[PDB]
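>>> Pasting an experimental structure, sequence included:
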Amino acid sequence: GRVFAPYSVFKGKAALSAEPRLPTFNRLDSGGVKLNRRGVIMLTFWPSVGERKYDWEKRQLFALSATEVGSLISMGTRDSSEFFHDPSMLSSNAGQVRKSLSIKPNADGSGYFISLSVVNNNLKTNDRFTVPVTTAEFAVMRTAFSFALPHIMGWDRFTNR
Amino acid sequence: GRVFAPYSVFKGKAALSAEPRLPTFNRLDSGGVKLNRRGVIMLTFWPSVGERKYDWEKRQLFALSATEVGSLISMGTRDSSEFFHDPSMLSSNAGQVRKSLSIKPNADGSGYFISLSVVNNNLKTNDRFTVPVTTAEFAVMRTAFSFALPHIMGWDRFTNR
Amino acid sequence: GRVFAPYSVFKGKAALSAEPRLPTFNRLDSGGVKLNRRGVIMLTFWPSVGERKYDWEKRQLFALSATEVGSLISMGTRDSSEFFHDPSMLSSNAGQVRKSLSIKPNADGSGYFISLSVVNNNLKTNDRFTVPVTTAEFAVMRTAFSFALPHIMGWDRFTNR
Amino acid sequence: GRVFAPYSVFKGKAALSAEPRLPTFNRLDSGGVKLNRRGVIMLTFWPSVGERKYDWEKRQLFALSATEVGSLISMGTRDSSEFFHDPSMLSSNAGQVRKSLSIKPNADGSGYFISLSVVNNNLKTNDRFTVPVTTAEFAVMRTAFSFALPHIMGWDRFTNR
Amino acid sequence: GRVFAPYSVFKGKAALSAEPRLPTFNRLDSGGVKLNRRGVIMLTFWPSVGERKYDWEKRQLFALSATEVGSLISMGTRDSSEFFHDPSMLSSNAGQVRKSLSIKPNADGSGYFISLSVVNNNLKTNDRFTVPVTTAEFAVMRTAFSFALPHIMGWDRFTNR
Amino acid sequence: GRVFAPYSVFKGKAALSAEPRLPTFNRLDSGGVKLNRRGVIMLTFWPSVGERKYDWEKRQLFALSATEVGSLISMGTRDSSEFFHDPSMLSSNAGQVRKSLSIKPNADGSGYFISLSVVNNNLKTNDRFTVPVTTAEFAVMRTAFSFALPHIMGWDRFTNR
Amino acid sequence: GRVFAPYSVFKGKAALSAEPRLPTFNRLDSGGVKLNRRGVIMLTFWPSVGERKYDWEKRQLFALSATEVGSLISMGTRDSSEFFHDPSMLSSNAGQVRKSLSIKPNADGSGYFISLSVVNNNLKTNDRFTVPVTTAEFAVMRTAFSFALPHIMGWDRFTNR
DNA sequence: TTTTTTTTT
DNA sequence: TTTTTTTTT
DNA sequence: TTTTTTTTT
DNA sequence: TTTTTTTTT
DNA sequence: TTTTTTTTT
DNA sequence: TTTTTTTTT
DNA sequence: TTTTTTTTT
DNA sequence: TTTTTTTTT
DNA sequence: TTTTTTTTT
């Protein structure tokens, strides 16, 4: 059964949520099990409409791979990273939509800015949601993501009894 | 005529406002003018009741003297100060109410916490309002307070024509 | 009466101008005066068409709040800031136009780049004007903005006689 | 006769190519020769469609001037530069298309990211090709560009016999 | 009309007061105005007789020139200055009275000592009043003196409307 | 009416004086006011003829723009600047007279040398007046110039009531 | 045949151009070739008359020897050089005209100022053209001059086939 | 007497 | 509502 | 003999 | 127009 | 007993 | 809705 | 396809 | 044209 | 009571 227990941060202009998507497995004829579709850590961004209210209709998604998760948890206070995703990569609609996720430290050292940029060349849209994340909040993510990393890789299937 | 143009900061648990109170002068018989009651920079604190709404009924006040203003504008990024006021000093009700205003830097260096503590021994109350103030916001105060300092001292009366 | 005395910087690809917009006050029935609409420091950008000539028709505006002004005047040589504005915030047309103003130091240390980016999702436009600002020019702004800060806050109404 | 000997770098999401465009000269009536159209170092970017295959149809160009070449070859390991070009500068169609070329070091120090951004306000397109360039690859460019610089300036015409 | 709004510091053995003396102007026949007698910042010292009471009869004065004011406001935490005045300079009674004003930091760094020495060779007197001035108090002076400097120079007459 | 309240420094070989020239405004038909001719800070130099007497007949002038003023007030102890002016710039007599104003620190750190050089190719003259300026004196200028900067820009017209 | 492919920099008050002058050779009777008149790198300066227009009539020239070229290309970011030339050296008109070429870094480190001073004691003229040169522009010169150095020395005649 | 010029209301 | 008080004109 | 391959003219 | 000059083949 | 609240499935 | 793909059992 | 333009021979 | 909003007199 | 003085309009 589905599970919905997102870690969410709500700020001035936008909201950020993160939750794991487990890998899917295929039961081999040989009897064993073979990992099929890889797990990710899914990030959802959406804007604040009005006052302390948020427009879930206008959300944008970004799926962190295991490797991108490893990059986030291994970041220093002063480090920054940027990932670039094509939702329709290798499909017919490649090149049309372009997503970039950036994690930059703020000048104070009091945390990071996490922003998703989405440029759609089909719909002629250019969205950008930015969310400030404290040292404490990013500590929660690093710890939660670290906990989740072995699961999205499916290594939690390697358990004694 | 009265003027109400406060600089205010609204945060999670409380609001902070600041505005100058000009000095009062007494017109000498000799003809000149003599400064009477000294100006201050008045600070008002009040708590947030409910969500992004604030209880003006529960406000507490603290009046910065010229000297206390000079201490605020001359503070370094890393410095902190604390002032201790008795509203009814030298009156019959002295010792009953005790106010302390503290300005402490936050660990990040991203600003300060400005808190007013009010201990009333008559009403058996103990209030405390704390407000986080960014580097930018405190820059506004230092600049606005510096502008205001000569006025609360009444030195703006020393003007050529 | 209206006053037009902008401080302007004209460079290769664009022009930058800055001038204060005073606060508006409402005359209370009580007799006093209450600050209504807040002052800003208005920034105007516009591109250079042809040679040393500029297209005023294509100007874009950005209004610095008191707090954003405090952030500009308190910047170090090596510091950078970025502000993000929605012209139609909280109105029906929110989310449609998105403005970002960035102040970044140049590598030499000889000043800053001040750029306004405007992304309009209604008109499908994406404008960007950048202006190089020397140490001397930014010194003029910091001094002029500092002078103006108490006025846009309306604290120049707190004057003895 | 035309010569096609580009130095090219092929990476995950895009390809980068560079080659010199010689200056054109006009034979004076006086007898001598006068440099007419200036040489450049032409950069071509294009995206990877499918797997290790690239869509030459979707290429974007950027022409480095002598001065921009001088800026590239004089860059330190830790330095970064950004150039901003209007293809139709001073023509009727100015302002419509806007190209920015950035060279930023990567965090490791193992090279640079070289990206071309193209914003077209006529066709409502927003393209961005980024290519990672190792220390060795950028060494090739600096050396090749340095070799080429005197030629695109036409100084290779000043030769004894 | 005369204005009396001194900034005063009261300490153990003596009191210190400071206030601006505006410049006097002469109305030219040509129509304009010509600055006549220069402004100063007047310092008054007087001793404490008895307990927390001060002998205004025994006061001594020292008039800071614009230049001496500039020296005070530009002092570092660790700096010290000394000024030497002859009240009857260039008059018949020159050499008779000799005043020296010293500003020395205290060992702690918690401020300065400001002392006036007056040696009168006519009356055979040798007075010395010293006043401890905190960092906050000297911050008030620097800010108040800086505000006043343009006025004692008469530059506040150069105003648009 | 005209105002003459210069800040002047008199030294061994020459005298230096500085005073603001306000901007001139044009009353729009629209009703408002438009800044016309820009303000400056005017510097006058003249030589000492005889002993402690100065030849006002031989004075030379130099007009600091707002930007040049910003450069002076933002100078470090160790910094130096040089400005180059053509009095008859863009007029028929351009190129004939050439003025250079230099501010260099002296070796001791006890101030600056401020010199005006005037080379006139019409009259075949080459004048040079140098004036030593202490830390205190230059503090007066920085403070006075900073006070004056908003006025020569005409920003003192942006005042609430 | 003559070749005209100068590298030129156009700035506010003056223009700077540089191009190589090859050495002249004398064909020995012995059969070989003997270098006669030495090559230089010729610098031309000329002033800007009007707006972004330059007075080629008023140009002044300065010829860099091989050794002076070696000094320019071996300069550090922080270094400065000055060369002093007599156009009519050893001729009858020696001493009459005096040219000095200076290369000084600007305070920011963003490049250099390159100025030619020409003092003519026959015509009683004193010219001075200064041109700001960025790091990139001076990189072009160093690279172009380095390329040209062997040619002005005539070492490009030592070639295998 | 003064380095100018670029965009409005 | 506000920490006061000390010295004149 | 040589590490190849990816995009044109 | 250009700082020259010093030693050969 | 516990600081809440903001967006779905 | 989600950047894919490469090697088995 | 390419950011231009300013001064000669 | 301009990022708003929160508390009085 | 106050350190002055030097150059105009």
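Here it is on my side, so go on. Numbering: from 1, shown residues only, chains lettered A, B, ... in the order given.

>>> what secondary structure does the residue in chain A positioned nearest to chain E sit in?
Going by C-beta to the nearest C-beta, chain E is nearest to residue A:108 of chain A, at 25.5 Å. (C-beta placed from N, C-alpha, C; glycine too.) Assigned by DSSP: H, G, I helix; E, B strand; the rest coil, the conformation of residue A:108 is coil.

>>> ditto for residue A:62
Per three-state DSSP, residue A:62 ends up strand.

>>> For chain A, just list every one of the strands.
A:7-10, A:14-21, A:25-27, A:33-35, A:40-47, A:60-64, A:81-85, A:97-105, A:111-120, A:125-134 (DSSP state E).

>>> Contacts (any at all) between DNA strand M and the third one?
It refers to strand A:25-27. No: contact of strand A:25-27 with DNA strand M (C-beta under 7 Å from any atom of the strand) is absent, the minimum separation being 8.4 Å.

>>> For residue A:55, grab phi and psi.
phi -90, psi 80 (degrees, to the nearest 10).

>>> residues contacting the spatially closest residue to it that is not a sequence neighbour?
Nearest in space to residue A:55, with sequence neighbours left out and distances taken as C-beta to C-beta, 6 or more residues apart in numbering or on different chains, is residue A:49 at 4.2 Å. Neighbouring residues of residue A:49 by C-beta atoms under 8 Å, 6 or more residues apart in numbering or on different chains: A:55, A:58, C:94, C:95.

>>> so which of those residues comes closest to residue E:85?
For the contacts of residue A:49, the residue nearest residue E:85 by C-beta to C-beta is residue C:94; the value is 66.1 Å.

>>> What number of residues are in the vicinity of the closest one?
When neighbours are defined as other C-beta atoms under 10 Å in any protein chain shown, residue C:94 has 16 of them.

>>> and the residue lying closest to it once chain neighbours are set aside, how many neighbours does it have?
Spatially, and ignoring its direct neighbours in sequence, residue C:94 is nearest to residue C:88 (5.3 Å; C-beta to C-beta, 6+ apart). Residues lying near residue C:88 (other C-beta under 10 Å) number 12.

>>> Please apply the same query to the one 4 residues further on.
By the other C-beta under 10 Å criterion, the neighbourhood of residue C:92 contains 6 residues.

>>> center of chain A - which residue?
residue A:43 (3.0 Å; C-alpha atoms, centre = their mean).

>>> doesn't residue A:20 make contact with it?
No: look at residue A:43 against residue A:20 with C-beta atoms under 8 Å: they stay out of range, at 11.0 Å.

>>> Any buried residues in stretch A:138-148, and which?
Judged by neighbour count using 16 or more other C-beta atoms under 10 Å in any protein chain shown, the buried positions of stretch A:138-148 are A:138, A:141, A:144, A:145, A:148.

>>> so how far is that stretch off the chain centroid?
Taking the mean of its C-alpha atoms, stretch A:138-148 sits 12 Å from the chain's own mean (C-alpha atoms, centre = their mean, to the nearest Å).

>>> ok, residue A:73 - contacts?
Per C-beta under 8 Å, 6+ apart, neighbours of residue A:73: A:142, A:145, A:146, A:149.

>>> Name the nearest of those residues relative to residue B:77.
residue A:142 (27.7 Å).

>>> tell me the contacts of the closest one?
A:72, A:73.

>>> Which residue does chain A have closest to chain G?
For chain A, C-beta to the nearest C-beta, closest residue to chain G: residue A:107, 22.3 Å.

>>> Quick check: phi and psi at the residue nearest to residue C:94.
Per degrees, to the nearest 10, the backbone of residue C:88 is at phi -110, psi 40.

>>> separation between it and residue D:99?
30 Å (C-beta to C-beta, to the nearest Å).

>>> rewinding a little: pretty sure the residue nearest to residue C:94 is in contact with residue C:99, am I right?
No: using C-beta under 8 Å, residue C:88 is not in contact with residue C:99; the gap is 10.7 Å.

>>> so what's the residue of chain A found nearest DNA strand P closest to, chain neighbours aside?
DNA strand P sits closest to residue A:107 of chain A, with a gap of 45.9 Å, by C-beta to the nearest atom of the strand. In this structure, residue A:107 finds its nearest non-sequential neighbour in residue C:79, 6.6 Å apart by C-beta to C-beta, 6+ apart.

>>> Dump the contacts of residue A:73 into JSON lines; add distance to DNA strand L as well.
Converted to JSON lines, the contacts of residue A:73 look like this (distance: C-beta to the nearest atom of the strand, whole Å):
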{"residue": "A:142", "distance to DNA strand L": "19"}
{"residue": "A:145", "distance to DNA strand L": "16"}
{"residue": "A:146", "distance to DNA strand L": "21"}
{"residue": "A:149", "distance to DNA strand L": "21"}
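
>>> of all these, which comes closest to residue F:33?
Of the contacts of residue A:73, the one sitting nearest to residue F:33 (C-beta to C-beta) turns out to be residue A:142, at 58.5 Å.

>>> who does the closest residue to residue A:9 other than its chain neighbours bridge with?
Leaving aside its chain neighbours, residue A:9 sits nearest to residue A:16 (4.7 Å; criterion: C-beta to C-beta, 6+ apart). Counting by DSSP bridges, residue A:16 is bridged to residue A:9, residue A:45.

>>> Contact partners for residue A:16?
Counting by C-beta under 8 Å, 6+ apart, residue A:16 has contacts A:8, A:9, A:43, A:44, A:45, A:114, A:129, A:131, A:133.

>>> go with 10 Å
Residue A:16 is in contact with A:6-10, A:43-46, A:114-116, A:129-133, A:137, A:141, counting by C-beta atoms under 10 Å, 6 or more residues apart in numbering or on different chains.

>>> And stretch A:21-36, what's buried?
A:21, A:23.

>>> ok, it near DNA strand L or not?
No: counting by C-beta under 7 Å from any atom of the strand, DNA strand L is not contacted by stretch A:21-36; separation bottoms out at 11.5 Å.

>>> Output that stretch as PDB, restricted to C-alpha atoms.
Extracted in PDB, the C-alpha atoms of stretch A:21-36 (Å, rounded to 0.1, in the frame of the first residue of the first chain):
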ATOM      1  CA  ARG A  21      10.000   6.500  -4.300                       C
ATOM      2  CA  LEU A  22      11.000   2.800  -3.800                       C
ATOM      3  CA  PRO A  23      12.500   0.800  -6.600                       C
ATOM      4  CA  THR A  24      10.200  -1.700  -8.400                       C
ATOM      5  CA  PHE A  25      11.400  -5.300  -8.700                       C
ATOM      6  CA  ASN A  26      10.700  -8.100 -11.200                       C
ATOM      7  CA  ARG A  27      10.200 -11.600 -10.000                       C
ATOM      8  CA  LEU A  28      12.600 -13.700 -12.100                       C
ATOM      9  CA  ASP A  29      11.500 -17.100 -13.400                       C
ATOM     10  CA  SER A  30      14.800 -18.400 -12.000                       C
ATOM     11  CA  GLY A  31      13.000 -17.700  -8.700                       C
ATOM     12  CA  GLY A  32      15.000 -14.700  -7.400                       C
ATOM     13  CA  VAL A  33      14.200 -11.000  -7.700                       C
ATOM     14  CA  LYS A  34      15.700  -8.400 -10.000                       C
ATOM     15  CA  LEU A  35      15.600  -4.700  -9.400                       C
ATOM     16  CA  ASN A  36      13.700  -3.000 -12.300                       C
END
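
>>> The closest residue to DNA strand O within chain A: what's its closest spatial neighbour, skipping adjacent residues?
DNA strand O sits closest to residue A:51 of chain A, with a gap of 6.2 Å, by C-beta to the nearest atom of the strand. Excluding the flanking residues, the one nearest residue A:51 by C-beta to C-beta, 6+ apart is residue B:52, at 6.4 Å.
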